[PDB]
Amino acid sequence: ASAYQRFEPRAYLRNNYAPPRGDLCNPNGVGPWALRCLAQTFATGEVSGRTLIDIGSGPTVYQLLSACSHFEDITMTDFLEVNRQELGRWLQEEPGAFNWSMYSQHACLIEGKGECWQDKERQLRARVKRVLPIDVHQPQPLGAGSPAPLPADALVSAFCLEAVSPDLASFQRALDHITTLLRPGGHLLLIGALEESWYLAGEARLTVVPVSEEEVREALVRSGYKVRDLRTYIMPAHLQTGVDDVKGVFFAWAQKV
């Protein structure tokens, strides 16, 4: 918790979204696999509506590339002021923003609608109406007077919950907490670290709750979801870089009610 105070966005970004973990050329990498999961899910046309909320966005945008064309009102969030500012830098095309163009181009490539990557980033930037502070540890994650439309038609969260929970029980609560923001029948797209206990973000050393696919599955069910899809990407040896001890990555498409 207080460890997130030393959390450096730039260090987080190069540890996870820059080579080798960031390479998108090899189809066997984690990046290609994750964008595929997201793109395919939205391609079924079943995950749709008007508003969407991204839980604990951190300083990344890749988790919304395929999503942005299905929701006109997008709300991004994060606990740390520093991450919200890193997002602004990219959203406002300000100086020193992280370059996600490779991810955009790959999203367009995977989506196969012949869209150019500039049009993709243009649309995402347009639909992101706000970058709000948030705390999944609060029964009301966003708060009282949330400028964000509620209940949202859909939610997206990547690598957040397990990274802010010390144990399985906390994980469940945080999931119950954010679940309240979702409209019954709505959809949840959850991505996270499998069996990880720590990860570095510069001077910050964060503790993580090691979870398994079945634990995630069971937790989604407990929060009142109907697991539409749950996949696992096992982390290959060469993506084991010393920035954490993650064993794999999971993708979950869950529906509320």
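From 1 onward, residues are counted along the sequence shown.
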**Asked** Comparing 43 to 51 with 227 to 235, which has the greater mean CA B-factor as deposited?
**Response** 43 to 51
**Prompt:** Should the higher mean CA B-factor in the entry be assigned to 99 to 107 or to 131 to 139?
**Reply:** 131 to 139
**Request:** Would you mind checking where the Cα B-factor of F7 ranks among the modelled residues of its chain, as the lowest, middle or highest third?
**Result:** middle
**Message:** Split into thirds by Cα B-factor across the chain's modelled residues, where does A163 land: lowest, middle or highest?
**Reply:** middle
**Item:** Chain-wide C-alpha B factor ranking for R222, given as lowest, middle or highest third
**Value:** highest
**Message:** Using only modelled residues of the chain, where does the Cα B factor of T179 rank: lowest third, middle third or highest third?
**Reply:** highest
**Request:** Classify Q123 as lowest, middle or highest third according to the C-alpha B-factor given in the PDB entry, relative to its own chain.
**Result:** middle
